[PDB]
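Included below are structure tokens for two forms of one protein chain, each presented in isolation as structure 1 and structure 2.
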Structure 1
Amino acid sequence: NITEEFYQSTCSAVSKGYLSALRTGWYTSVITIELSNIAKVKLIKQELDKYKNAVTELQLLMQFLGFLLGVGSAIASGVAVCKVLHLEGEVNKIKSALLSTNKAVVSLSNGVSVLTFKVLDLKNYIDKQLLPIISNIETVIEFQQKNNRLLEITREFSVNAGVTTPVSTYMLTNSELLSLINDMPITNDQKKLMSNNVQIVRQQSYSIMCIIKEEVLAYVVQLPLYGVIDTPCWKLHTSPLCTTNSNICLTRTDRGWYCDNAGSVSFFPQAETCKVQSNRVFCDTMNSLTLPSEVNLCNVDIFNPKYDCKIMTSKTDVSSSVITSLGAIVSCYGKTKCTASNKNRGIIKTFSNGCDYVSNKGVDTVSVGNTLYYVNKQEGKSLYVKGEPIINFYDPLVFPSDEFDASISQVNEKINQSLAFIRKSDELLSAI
């Protein structure tokens, strides 16, 4: 059940009812391809040239508040595992564990247990079916089918400098991926979540070309660990709130995704980086701040004493809309034409200057100036929370503008400083 509340007082809206699936860690697996080290004859010859060129190719290869975020190194974990694979005997240990089976767990020298997977055995095909020789066109066609995956994996690594994301189905098919997922050291809830959202897993994964040695091509596939699942998440949408006379504006800068997480709240300022499937919200904690849960008080009382709500101030009263989960915030200023239109695309509401809102219940589109917006048609209940625009409480003569990284308290203190000087001068001039 998605619900939404629009706060007329602060030109913002919160969409609730979502459930988290946060990427909190990384699981590293090792994917191997076993290789053979070596008219119809002419066709099979150039197909073998493609095989040989691909192998040497990989060998040559082997040789508003976003600014507050930290800086990670997203493939540090997989690169660390890849460095381990270059150590003496480490590849032979994997090649021995996969002689009899195609999937096995190996303990690496650095104290990390990895799943290994042999997804293609070109050694078996070339040595036992091709090295004897053609007579049959079926054999050249068959070789083209077995070789094609290696050729495409090589093409992908070649234009991506050895590191791909999302992980393609050439890197890992869906059968292989679902198989990997079922044996990961993770909870049953995690396996079910990953299996039902395999395309999101692919988008959050990396494939890291690693080593080609002892007739084994190995790459690391770095898959997300979802260590936070099924906690409540909510999306905060914000738009500029201006006077409508010489006008002053403020905007809540804390727009983004929020998810309850381990007694705090994970805040993702770039909402567009999260992926939303139905009511499940996939975000990456690398893109988050960890905030006190009192940050949510900014939605019910922006002047609350427990948390200093973030805002920016300006005098740039331009018109726009923010399309929410269940409706549309409209910031309409100056001479702009701002309307909402219904299922027959007849205008049913004309917005006055100010910040206002409509739900997707009877509205299909909103137009602000020359920009038409389609609203999301997701089912849910929207509530309009009436309130006097807080911009009305500010004296424009002492209003601090061009504040980007500001807050309620910061702005109040500047106002207090400005008023103190005026009161001091009026009394110092009257005494003189």
Structure 2
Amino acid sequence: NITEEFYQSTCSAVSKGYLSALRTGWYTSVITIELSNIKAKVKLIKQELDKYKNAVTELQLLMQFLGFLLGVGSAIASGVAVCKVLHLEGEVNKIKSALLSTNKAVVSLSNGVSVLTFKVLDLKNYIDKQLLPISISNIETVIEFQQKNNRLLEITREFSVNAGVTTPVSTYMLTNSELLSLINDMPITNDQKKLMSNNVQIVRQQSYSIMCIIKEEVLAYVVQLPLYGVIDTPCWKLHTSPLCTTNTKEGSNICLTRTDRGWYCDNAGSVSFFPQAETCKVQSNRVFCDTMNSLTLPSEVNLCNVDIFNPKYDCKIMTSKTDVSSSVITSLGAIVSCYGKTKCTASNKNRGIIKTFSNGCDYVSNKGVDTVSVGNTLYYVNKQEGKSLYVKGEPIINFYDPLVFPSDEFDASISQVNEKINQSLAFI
């Protein structure tokens, strides 16, 4: 149930009804491919083997508005931390020996980590059985080999053009089969296992493959998978657009814009705020975000939608004198900031222009509306089903005296502006 409210007084809109899936952590696992140390259908194998030899060579060669408020993480530090351990002597042999008679196992490593290790491809035992004695005979060994070899080559290609770190994680790095099994064996809730299983492509996109080592006939890379420690909490998206006075004299106008646009998700008694809404992806009513790109705010930040002048949170805005027209396409409609001589319209498919916007900040829902045009820019609106509510209010920019209005404030708020205006009235 996606709904939306437009706030006329502050030229912003809030889309709600979303459920969260936030990456809160990482799950690291070691993926191994055992390699072989070597020297008509045979000539096919000859070629297939030469390519094997230089893929191995390649792998060996491989190892010789409010965004500015965010902190800075190190995205593959967990995975790299695991990799640095595989570089201890005999450490890959602990993995090697544990995966002797089994393809997947939980190996207790040295530094005090217990990682699910997984041998996805046993080229070693292939070459050292159905290859070594040669003897043409059957074509089925030729194609089974080309198949296993191809995975190797695709892994090698990805690592080389990406300097050993890839994202999203391909099906060559980790098949649907293996990923599903990995998902099934993680120390997580069932609600989490099913979430991941029904969204593997989103999972792959939030994952890393990290080339670790190729030592003692063994290729090891670490796959770093998202932990969704916050699921099914309410999320909402806040859209904002410039609110300006609409005097006919050019340059006599003042504007303010709510700078706190982005994604918001309830999270452990606070709210996770994602200023760069590209760090989140929406699947139906589920929104996948990453906590690394967020701020943790008091829940009172939401009072800025209902009352931007509330005493519990100092709502954030920027100020300018630059009244350009534009539109923001929301979840269930469109905000239009229309100023000057700009032609601003909304249209239906078969009927054309159905609404002409006058100067100021207005809004239209997506019911019956397919496109929106501001100046020379045509925006298609999203055709998501959901109810829209227009909340009438006096545009707050009307409450300010342009003679003492502080323009060109960026990292500002309702209070900071009040203090300045008052500071300006002190000069009398």
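Sequence positions of structure 1, starting at 1, serve as the residue numbers. In this text, the rigid core denotes the largest set of C-alpha atoms whose superposition between the two forms falls within 1.5 Å.
Student: If you fit the two forms on their rigid core, which residue out of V163, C309, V140, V91 shows a CA shift of at least 2 Å between structures 1 and 2?
Tutor: Flagged residue: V140.
Student: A406: CA shift of at least 2 Å between structures 1 and 2 after core fit?
Tutor: No: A406 shifts by under 2 Å between structures 1 and 2.
Student: Quick check on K381: with the core superposed, does its CA move 2 angstroms or more between structures 1 and 2?
Tutor: Not so; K381 is displaced by less than 2 Å.
Student: For a quick test of reading the superposition: does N392 move by 2 Å or more at the CA between structures 1 and 2, rigid core aligned?
Tutor: Not so; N392 is displaced by less than 2 Å.
Student: So with the rigid core superposed, the C-alpha of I126 shifts by how many Å between structures 1 and 2?
Tutor: C-alpha displacement of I126 between structures 1 and 2: 0.8 Å.
Student: If the rigid core is lined up, how many Å does the C-alpha atom of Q46 shift between structures 1 and 2?
Tutor: Value for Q46 between structures 1 and 2: 2.9 Å of C-alpha shift.
Student: In Å, how large is the CA movement of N110 between structures 1 and 2 relative to the superposed rigid core?
Tutor: Comparing the two forms, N110 shifts 1.6 Å at C-alpha.
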